Amino acid sequence: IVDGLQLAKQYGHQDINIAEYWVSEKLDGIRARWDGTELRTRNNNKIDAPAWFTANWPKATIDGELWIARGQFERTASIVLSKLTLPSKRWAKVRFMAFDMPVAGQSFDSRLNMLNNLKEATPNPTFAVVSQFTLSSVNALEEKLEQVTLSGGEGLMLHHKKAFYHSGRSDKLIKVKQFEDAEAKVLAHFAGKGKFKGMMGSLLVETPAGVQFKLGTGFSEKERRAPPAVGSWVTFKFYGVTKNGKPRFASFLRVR
DNA sequence: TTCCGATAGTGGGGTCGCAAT
DNA sequence: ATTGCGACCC
DNA sequence: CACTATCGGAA
Ligand SMILES: *P(=O)(O)OC[C@H]1O[C@@H](n2cnc3c(N)ncnc32)[C@H](O)[C@@H]1O
């Protein structure tokens with residue numbers, strides 16, 4: 001019923017009281033909105049799911065994360081986005097981990113309660129609800145994040161209990177993810193496109209372990225002019241690695 | 001005063017699907 | 001059968 | 001997804 005989607009703000013952007021938030025593990029899946037009749041992605045591309053996958057689901061609008069287990073994103077994205085054309089029974093171990101309803105004028109605590117009500121009244125086990133728990137100190141958050149990360153999880157999500165749904169980013173829905181640093185030697189330059197015409201678009205870097213990947217973001221516009229010369233070393237941040245061990249969401253930090 | 005939230009516009013890894021080879 | 005490319009997910 | 005680079009209004 002609400003127009004735009006409520007996006008999640010990064011943690012560092014100290015001041016919040018965690019006790020006022022529902023905490024839940026961020027599931028590295030595919031976002032999907034349940035139309036009551038149809039599933040659709042973040043940008044409203046139809047998801048071609050089997051009829052049994054949605055059989056007996058509620059007749060309401062629900063936002064959820066199509067998810068199997070931790071560290072199964074690439075495979076999950078292969079099942080969900082592919083057209084369905086009983087072969088293509090790959091949805092067997094997929095679930096719809098609902099986490100919110102886009103209802104206007106009601107606290108997330110109430111929407112969560114409604115979600116749990118809809119699950120008990122739904123015979124299909126594909127319809128699930130993300131587990132919501134409570135933390136106290138910021139230290140408790142840091143330790144839980146570490147544990148989840150080491151256990152293969154992607155991160156944590158914080159949703160304010162007494163907050164109403166509203167599009168955009170705010171402290172009502174916060175996103176928590178870990179990241180590490182690493183070094184790599186630049187092997188080549190790649191010309192940028194669009195506004196970065198005649199400028200550096202990305203760098204073919206390589207890690208000491210022999211993993212090569214293109215580092216294409218994090219540079220200021222001045223850094224793109226006269227970029228790190230080939231043969232030098234650069235430090236980049238990343239959020240884990242892919243199936244092929246390549247850094248994910250990598251961005252440039254500083255040289256040396 | 002600073003800082004936040006919203007846009008516009010680049011870039012990656014991975015995958016799917018269609019056009020070109 | 002191969003390859004390249006745009007458009008999506010993240 | 002990550003990011004840089006603006007900009008007007010909220011804090
Ligand atoms: P980006 O991932 O930066 O924005 C957040 C998205 O993550 C999805 N998501 C996955 N798992 C969860 C939970 N447990 N709670 C809330 N959101 C989650 C959302 O679909 C966002 O699009």
Side-chain angles (χ1 to χ4, degrees), chain A residues 3-16 26-33 39-49 63-68 70-85 88 90 94 153-155 157 166-182 184 186-207 211-225 227-228 234-254:
Chain A
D3 185 69
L5 296 178
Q6 183 178 28
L7 308 185
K9 182 216 275 279
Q10 299 174 344
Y11 180 64
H13 309 350
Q14 156 56 4
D15 191 42
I16 63 179
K26 193 190 183 303
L27 309 182
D28 191 11
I30 300 292
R31 189 190 209 282
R33 160 161 291 173
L39 287 166
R40 294 194 171 272
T41 66
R42 183 193 309 277
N43 296 322
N44 300 125
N45 298 28
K46 180 180 180 180
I47 298 172
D48 192 4
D63 285 331
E65 195 76 13
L66 297 174
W67 181 75
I68 301 165
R70 297 167 176 167
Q72 306 298 314
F73 168 74
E74 290 99 333
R75 171 160 144 266
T76 300
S78 177
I79 302 178
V80 171
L81 304 177
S82 300
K83 294 305 192 69
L84 178 56
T85 175
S88 305
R90 314 199 282 176
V94 176
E154 192 192 10
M157 298 294 291
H166 171 240
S167 65
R169 286 172 166 90
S170 71
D171 285 322
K172 312 182 200 75
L173 176 60
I174 290 145
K175 172 206 309 175
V176 195
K177 290 158 64 65
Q178 285 190 174
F179 61 87
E180 328 94 314
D181 296 3
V186 52
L187 305 182
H189 299 178
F190 281 103
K193 305 151 189 162
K195 67 193 184 188
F196 294 155
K197 220 153 284 173
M199 299 162 58
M200 183 279 291
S202 61
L203 305 174
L204 178 60
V205 302
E206 171 171 285
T207 66
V211 173
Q212 59 236 14
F213 68 98
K214 300 192 204 190
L215 188 66
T217 195
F219 317 98
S220 64
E221 284 193 54
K222 192 270 153 292
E223 287 171 335
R224 294 188 176 279
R225 300 176 275 266
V234 300
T235 306
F236 69 95
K237 86 179 194 173
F238 64 101
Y239 299 77
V241 291
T242 67
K243 281 177 171 180
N244 309 325
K246 311 241 174 184
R248 174 153 85 158
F249 311 151
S251 59
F252 168 79
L253 291 155
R254 59 284 198 283

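All heavy atoms count here, side chains included; hydrogens, waters and symmetry mates do not. Each chain gets a letter, A, B and so on, in the order its sequence line appears, and its residues count up from 1.
In this structure, the side chains of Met157(A) and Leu173(A) come closer than 4.5 Å at one or more pairs of heavy atoms. By the 4.5 Å heavy-atom criterion applied to side chains, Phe249(A) and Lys177(A) are counted as neighbours. When side chains are defined from C-beta on, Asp181(A) does not count as touching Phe236(A), because their heavy atoms never get closer than 4.5 Å. Within the 4.5 Å cutoff, the side chain of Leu187(A) has no heavy atoms near those of the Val205(A) side chain.
Against DNA chain B, the stretch residues 186-196 of chain A makes heavy-atom approaches under 4.0 Å through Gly192(A), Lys193(A), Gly194(A), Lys195(A), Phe196(A). Near-neighbour residues of DNA chain B inside residues 3-14 of chain A, defined by a heavy atom below 4.0 Å, number-ordered: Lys9(A), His13(A).
Listed for the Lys246(A) side chain is a donor-acceptor partner under 3.5 Å among the backbone atoms of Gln212(A). In this structure, the side chain of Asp48(A) engages the main chain of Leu84(A) through a donor-acceptor pair within 3.5 Å. Checking side-chain atoms of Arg33(A) against main-chain N and O of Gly64(A) turns up no donor-acceptor pair under 3.5 Å. Listed for the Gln6(A) side chain is no donor-acceptor partner under 3.5 Å among the backbone atoms of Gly168(A). Judged by distance alone, with hydrogens and angles left aside, the side-chain atoms of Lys222(A) form a donor-acceptor pair with the main-chain N or O of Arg225(A) at under 3.5 Å. Side-chain atoms of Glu74(A) come within 3.5 Å of backbone N or O of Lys243(A) as a donor-acceptor pair. In this structure a side-chain-to-backbone donor-acceptor pair under 3.5 Å is missing from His13(A) to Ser170(A).
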Let me check I have this right: for DNA chain B, each base becomes ., (, ), [, ] or |, based on Watson-Crick or G-U pairs with both distances under 3.5 Å. What is the full string? ||.|||||||||||||.||||
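Of the two residues near DNA chain B, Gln212(A) and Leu84(A), the one whose nearest nucleotide lies more 5' is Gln212(A). The 5' end of DNA chain D is approached more closely, in terms of each residue's nearest nucleotide, by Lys177(A) than by the other of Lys177(A) and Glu221(A). Summary of the strand contacts: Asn244(A) and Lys83(A) both lie near DNA chain B, and taking for each the nucleotide with the nearest heavy atom, the more 5' one is attributed to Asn244(A).
In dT10(B), the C1'-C2'-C3'-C4' torsion is positive, which places the sugar in the north family. A negative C1'-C2'-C3'-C4' angle places the sugar of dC3(B) in the south (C2'-endo) family. Using the sign of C1'-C2'-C3'-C4' as the criterion, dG12(B) falls on the north side of the pucker cycle. When the pucker is read from the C1'-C2'-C3'-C4' torsion, the sugar belonging to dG13(B) turns out south, on the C2'-endo side.
Rounding to the nearest 0.5 Å places NZ of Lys195(A) at 6.0 Å from CD of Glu221(A).
Within a 6.0 Å sphere centred on CG of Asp3(A), heavy atoms belonging to other residues, nucleotides or ligands number 12 at most. Taking a 6.0 Å sphere around NZ of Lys197(A), one finds it holds 12 or fewer heavy atoms contributed by other residues, nucleotides or ligands. Within 6.0 Å of CZ on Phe238(A) lie more than 12 heavy atoms contributed by other residues, nucleotides or ligands.
Nucleic acid contact for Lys197(A): none, since no nucleic acid atom lies under 4.0 Å from a heavy atom of the residue. Among the atoms of the strands shown, none is found under 4.0 Å from any heavy atom of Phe252(A). Among the heavy atoms of the strands, none lies under 4.0 Å from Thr76(A). Among the atoms of the strands shown, none is found under 4.0 Å from any heavy atom of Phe238(A). Residue-level contact check: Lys243(A) touches neither bases nor backbone, having no heavy atom under 4.0 Å from any strand.
Exactly one residue among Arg42(A), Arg40(A), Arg31(A) makes a salt bridge (charged side-chain N to carboxylate O under 4.0 Å, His left out) with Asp63(A). That residue is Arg31(A).
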Checking salt bridge (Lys or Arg N to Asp or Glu O under 4.0 Å) for the pair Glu180(A)/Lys237(A): CA distance, chi angles, key distance, verdict? CA-CA 6 Å; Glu180(A) 328 94 314; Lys237(A) 86 179 194 173; over 6 Å; no
Can you pull every protein N or O that's under 3.5 Å from an N or O on nucleotides 9-11 of chain D?
none

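Taking atom P on both nucleotides, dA20(B) is separated from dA7(C) by 15 Å, rounded to a whole Å. Taking atom P on both nucleotides, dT10(B) is separated from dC10(C) by 22 Å, rounded to a whole Å. Between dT21(B) and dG6(C), the two P atoms lie 14 Å apart (nearest whole Å).
Under 3.5 Å, the side chains of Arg248(A) and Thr242(A) contain no donor-acceptor pair of N or O atoms. Side-chain contact check for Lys9(A) and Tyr11(A): no donor-acceptor pair (N or O, by modelled atom type) lies under 3.5 Å.
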Scoring nucleotides 1-10 of chain C by protein non-hydrogen atoms under 4.0 Å (B base, S sugar-phosphate only, - none) yields -------SSB
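Between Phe252(A) and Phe219(A), the ring planes lie parallel to each other; the angle is under 30°, not in the 30° to 60° tilted range.
One interatomic measurement links the two molecules: CG of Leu215(A) to P of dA2(D), which rounds to 15 Å at whole-angstrom precision.
In 5' to 3' order, the nucleotides of DNA chain B bounding all contacts with chain A (an atom under 4.0 Å from a heavy atom) are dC4(B) to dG17(B).
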